[PDB]
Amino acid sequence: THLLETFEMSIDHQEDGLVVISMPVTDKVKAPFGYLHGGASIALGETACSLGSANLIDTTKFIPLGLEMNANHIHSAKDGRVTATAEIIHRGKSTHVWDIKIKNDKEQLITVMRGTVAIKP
């Protein structure tokens, strides 16, 4: 699990075109200020659409590869859990485009993101 383990990520739900993953906001993933580090949030998002694209393709002859990621940071989180919901926007043969919304415990948007995943042999 690597990073996924380091961040204590858990997959709450998966279906085709949809991934919901969450993680605890701990000292380990805070910025020094400290509220959850924007980078930690983004890493959760990239994990979510990587898992999604992997679930949508044939693992045996293909591999999903993050190509482009972008993010707006909105509210902050200092405790509880944050939850990322990745929903697919486009399911191209070569690329997938995902929409990711990351919320805290108060249902506030913490980060809004889009990711582009290349599908490679």
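Start at 1 and count along the sequence shown; that's the residue number.
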Looking only at C-alpha temperature factors in the entry, 89-97 or 54-62, the higher average sits in 54-62
Once average C-alpha B-factors are taken from the entry for 41-49 and 23-31, the winner is 23-31
Comparing C-alpha B-factors across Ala71, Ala77, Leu67, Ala84 in this entry, the winner is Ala77
Chain thirds by Cα B factor, record data; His2 belongs to the middle
